[PDB]
$ cat structure.pdb   # PDB, C-alpha atoms
MODEL        1
ATOM      1  CA  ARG U 346       0.000   0.000   0.000  1.00  0.00           C
ATOM      2  CA  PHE U 347       1.342   3.394  -1.097  1.00  0.00           C
ATOM      3  CA  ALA U 348      -0.563   6.633  -0.593  1.00  0.00           C
ATOM      4  CA  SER U 349      -1.122   9.520  -2.984  1.00  0.00           C
ATOM      5  CA  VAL U 350       1.463  12.285  -3.243  1.00  0.00           C
ATOM      6  CA  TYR U 351      -1.021  14.340  -1.231  1.00  0.00           C
ATOM      7  CA  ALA U 352      -2.144  13.063   2.151  1.00  0.00           C
ATOM      8  CA  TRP U 353       1.160  11.250   1.723  1.00  0.00           C
ATOM      9  CA  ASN U 354       1.862   8.407   4.129  1.00  0.00           C
ATOM     10  CA  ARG U 355       4.411   9.049   6.866  1.00  0.00           C
ATOM     11  CA  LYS U 356       6.043   6.418   9.075  1.00  0.00           C
ATOM     12  CA  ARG U 357       8.373   7.125  11.987  1.00  0.00           C
ATOM     13  CA  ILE U 358      11.241   4.569  12.303  1.00  0.00           C
ATOM     14  CA  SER U 359      13.101   4.194  15.641  1.00  0.00           C
ATOM     15  CA  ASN U 360      14.902   1.758  17.991  1.00  0.00           C
ATOM     16  CA  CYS U 361      16.380  -0.357  15.118  1.00  0.00           C
ATOM     17  CA  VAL U 362      19.496  -1.339  13.058  1.00  0.00           C
ATOM     18  CA  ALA U 363      19.300   0.042   9.531  1.00  0.00           C
ATOM     19  CA  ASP U 364      20.830  -2.329   6.954  1.00  0.00           C
ATOM     20  CA  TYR U 365      20.422   0.095   3.998  1.00  0.00           C
ATOM     21  CA  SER U 366      22.062  -2.542   1.747  1.00  0.00           C
ATOM     22  CA  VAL U 367      18.679  -4.291   1.632  1.00  0.00           C
ATOM     23  CA  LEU U 368      17.388  -1.219  -0.237  1.00  0.00           C
ATOM     24  CA  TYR U 369      19.954  -0.241  -2.876  1.00  0.00           C
ATOM     25  CA  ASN U 370      20.692  -3.915  -3.590  1.00  0.00           C
ATOM     26  CA  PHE U 371      17.144  -4.264  -4.960  1.00  0.00           C
ATOM     27  CA  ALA U 372      16.977  -4.381  -8.753  1.00  0.00           C
ATOM     28  CA  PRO U 373      14.071  -1.968  -9.549  1.00  0.00           C
ATOM     29  CA  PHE U 374      15.596   1.610  -9.185  1.00  0.00           C
ATOM     30  CA  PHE U 375      15.948   4.750 -11.296  1.00  0.00           C
ATOM     31  CA  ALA U 376      17.314   6.972  -8.485  1.00  0.00           C
ATOM     32  CA  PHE U 377      19.083   6.478  -5.152  1.00  0.00           C
ATOM     33  CA  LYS U 378      19.925  10.245  -5.315  1.00  0.00           C
ATOM     34  CA  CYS U 379      20.970  11.393  -1.801  1.00  0.00           C
ATOM     35  CA  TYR U 380      21.175  15.044  -0.564  1.00  0.00           C
ATOM     36  CA  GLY U 381      23.478  15.727   2.370  1.00  0.00           C
ATOM     37  CA  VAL U 382      24.511  12.051   2.536  1.00  0.00           C
ATOM     38  CA  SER U 383      25.975   9.436   0.212  1.00  0.00           C
ATOM     39  CA  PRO U 384      24.686   5.919  -0.574  1.00  0.00           C
ATOM     40  CA  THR U 385      27.902   4.211   0.533  1.00  0.00           C
ATOM     41  CA  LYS U 386      28.085   5.867   3.965  1.00  0.00           C
ATOM     42  CA  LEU U 387      24.477   5.204   5.158  1.00  0.00           C
ATOM     43  CA  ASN U 388      25.565   1.907   6.793  1.00  0.00           C
ATOM     44  CA  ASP U 389      28.285   3.643   8.921  1.00  0.00           C
ATOM     45  CA  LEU U 390      25.980   6.366  10.405  1.00  0.00           C
ATOM     46  CA  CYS U 391      23.562   6.809  13.293  1.00  0.00           C
ATOM     47  CA  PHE U 392      20.512   9.111  12.885  1.00  0.00           C
ATOM     48  CA  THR U 393      18.583  10.976  15.666  1.00  0.00           C
ATOM     49  CA  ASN U 394      15.440  10.164  13.715  1.00  0.00           C
TER      50      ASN U 394
ATOM     51  CA  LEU B 981      34.528  12.749   5.649  1.00  0.00           C
ATOM     52  CA  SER B 982      31.934  10.307   7.042  1.00  0.00           C
ATOM     53  CA  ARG B 983      28.549  11.468   5.691  1.00  0.00           C
ATOM     54  CA  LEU B 984      29.594  12.516   2.199  1.00  0.00           C
ATOM     55  CA  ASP B 985      31.655  10.467  -0.327  1.00  0.00           C
ATOM     56  CA  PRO B 986      35.199  11.354  -1.477  1.00  0.00           C
ATOM     57  CA  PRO B 987      34.636  13.657  -4.527  1.00  0.00           C
ATOM     58  CA  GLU B 988      31.575  15.554  -3.198  1.00  0.00           C
ATOM     59  CA  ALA B 989      33.351  16.234   0.092  1.00  0.00           C
ATOM     60  CA  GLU B 990      36.181  17.980  -1.785  1.00  0.00           C
ATOM     61  CA  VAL B 991      34.392  21.117  -2.901  1.00  0.00           C
ATOM     62  CA  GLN B 992      33.261  21.209   0.743  1.00  0.00           C
ATOM     63  CA  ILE B 993      36.817  20.683   2.004  1.00  0.00           C
ATOM     64  CA  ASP B 994      38.029  23.282  -0.504  1.00  0.00           C
ATOM     65  CA  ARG B 995      35.514  25.857   0.747  1.00  0.00           C
ATOM     66  CA  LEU B 996      36.379  25.061   4.369  1.00  0.00           C
ATOM     67  CA  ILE B 997      40.105  25.485   3.688  1.00  0.00           C
ATOM     68  CA  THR B 998      39.433  28.779   1.896  1.00  0.00           C
ATOM     69  CA  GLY B 999      37.338  30.051   4.805  1.00  0.00           C
ATOM     70  CA  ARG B1000      39.896  28.979   7.409  1.00  0.00           C
ATOM     71  CA  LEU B1001      42.753  30.567   5.431  1.00  0.00           C
ATOM     72  CA  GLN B1002      40.905  33.854   4.885  1.00  0.00           C
ATOM     73  CA  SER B1003      40.328  34.030   8.652  1.00  0.00           C
ATOM     74  CA  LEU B1004      44.047  33.475   9.320  1.00  0.00           C
ATOM     75  CA  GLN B1005      45.391  35.916   6.716  1.00  0.00           C
ATOM     76  CA  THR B1006      43.525  38.827   8.315  1.00  0.00           C
ATOM     77  CA  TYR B1007      44.690  37.652  11.746  1.00  0.00           C
ATOM     78  CA  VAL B1008      48.315  37.712  10.572  1.00  0.00           C
ATOM     79  CA  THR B1009      47.758  41.160   9.043  1.00  0.00           C
ATOM     80  CA  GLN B1010      46.305  42.529  12.290  1.00  0.00           C
ATOM     81  CA  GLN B1011      49.184  40.929  14.200  1.00  0.00           C
ATOM     82  CA  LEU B1012      51.684  42.643  11.889  1.00  0.00           C
ATOM     83  CA  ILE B1013      49.950  46.005  12.361  1.00  0.00           C
ATOM     84  CA  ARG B1014      49.928  45.590  16.146  1.00  0.00           C
ATOM     85  CA  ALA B1015      53.577  44.490  16.079  1.00  0.00           C
ATOM     86  CA  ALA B1016      54.522  47.619  14.128  1.00  0.00           C
ATOM     87  CA  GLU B1017      52.614  49.728  16.662  1.00  0.00           C
ATOM     88  CA  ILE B1018      54.373  47.951  19.542  1.00  0.00           C
ATOM     89  CA  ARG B1019      57.735  48.467  17.826  1.00  0.00           C
ATOM     90  CA  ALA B1020      57.095  52.200  17.450  1.00  0.00           C
ATOM     91  CA  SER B1021      55.998  52.434  21.093  1.00  0.00           C
ATOM     92  CA  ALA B1022      59.103  50.522  22.208  1.00  0.00           C
ATOM     93  CA  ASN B1023      61.373  52.781  20.150  1.00  0.00           C
ATOM     94  CA  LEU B1024      59.753  55.812  21.788  1.00  0.00           C
ATOM     95  CA  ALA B1025      60.138  54.215  25.227  1.00  0.00           C
ATOM     96  CA  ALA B1026      63.811  53.438  24.574  1.00  0.00           C
ATOM     97  CA  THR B1027      64.421  57.017  23.427  1.00  0.00           C
ATOM     98  CA  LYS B1028      62.729  58.311  26.585  1.00  0.00           C
ATOM     99  CA  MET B1029      64.770  55.941  28.762  1.00  0.00           C
TER     100      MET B1029
ENDMDL
END
$ encode --input "structure.pdb" --output "structure tokens"
Amino acid sequence: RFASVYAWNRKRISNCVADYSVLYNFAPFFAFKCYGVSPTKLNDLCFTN
Amino acid sequence: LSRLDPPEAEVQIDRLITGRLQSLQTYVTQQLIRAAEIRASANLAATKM
């Protein structure tokens, strides 16, 4: 289920380990464009939300 | 050097180096001006002594 670009769905993610490799390893993508952060470094970081 | 990837951190590192060098050049200039003032004052004090 994915919402419309208005009334867009929003999910807060917390108390977990973020293996971002499960995302950019997936075949369907056109853009993993990343502002203020790079795809390779996401797995080294910690985020306050 | 941990959020951003090697070649997109460079223009950032370049701008940071430029900003930190422009803040030191004016400091050295002010130090030279104050040193010239102190030298003139010390020459006057030596003449008076």
$ closest_residue --input "structure.pdb" --among "U:391, U:382, U:363, U:352" --to "chain B" --atoms "only C-alpha atoms"
U:382
$ resolve_selection --input "structure.pdb" --expression "the PyMOL selection byres ((chain B and resi 982) around 9)" --output "PDB file with C-alpha atoms, keeping the file's coordinate frame"
ATOM      1  CA  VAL U 382      24.511  12.051   2.536  1.00  0.00           C
ATOM      2  CA  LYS U 386      28.085   5.867   3.965  1.00  0.00           C
ATOM      3  CA  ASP U 389      28.285   3.643   8.921  1.00  0.00           C
ATOM      4  CA  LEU U 390      25.980   6.366  10.405  1.00  0.00           C
TER       5      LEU U 390
ATOM      6  CA  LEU B 981      34.528  12.749   5.649  1.00  0.00           C
ATOM      7  CA  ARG B 983      28.549  11.468   5.691  1.00  0.00           C
ATOM      8  CA  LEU B 984      29.594  12.516   2.199  1.00  0.00           C
ATOM      9  CA  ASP B 985      31.655  10.467  -0.327  1.00  0.00           C
TER      10      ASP B 985
END
$ atom_distance --input "structure.pdb" --atom1 "atom CA of residue 988 of chain B" --atom2 "atom CA of residue 1005 of chain B"
26.5 Å
$ atom_distance --input "structure.pdb" --atom1 "atom CA of residue 989 of chain B" --atom2 "atom CA of residue 393 of chain U"
22.1 Å
$ resolve_selection --input "structure.pdb" --expression "the PyMOL selection byres ((chain U and resi 394) around 10)" --output "PyMOL selection string"
chain U and resi 357-360+391-393
